[PDB]
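**Student:**
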Amino acid sequence: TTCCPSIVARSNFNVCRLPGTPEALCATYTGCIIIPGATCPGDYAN
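The sequence shown stops at residue 46 when you use UniProt numbering, and every number in between is there.
1. Give the straight-line distance between the Cα atoms of residue 10 and residue 46, rounded to the nearest whole angstrom.
2. Under the DSSP definition of a beta bridge, which residues are partnered with residue 33?
3. Count the other CB atoms within 10 Å of the CB of residue 33; is the residue buried (16 or more) or exposed (fewer)?
4. Below 8 Å on the Cβ atoms is my guess for residue 37 versus residue 2; work out the distance and round it to an integer in Å.
5. Alpha carbon to alpha carbon, how far is residue 27 from residue 7?
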């Protein structure tokens, strides 16, 4: 599951993913994170 720290970060995440870039690369490039669970925390609420 991915979790993002803000709106901007999620929007940029989603653009990063359009060409098929691995989630892990899009995470370091945006500040979003990948977790094994399904419940994103309150500081990664977007």
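For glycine and all other residues, C-beta sits at the position ideal for the given N, C-alpha and C.
**Tutor:** Let me spell this out:
1. 6 Å
2. 3
3. buried
4. That pair is no contact at about 11 Å.
5. 14 Å
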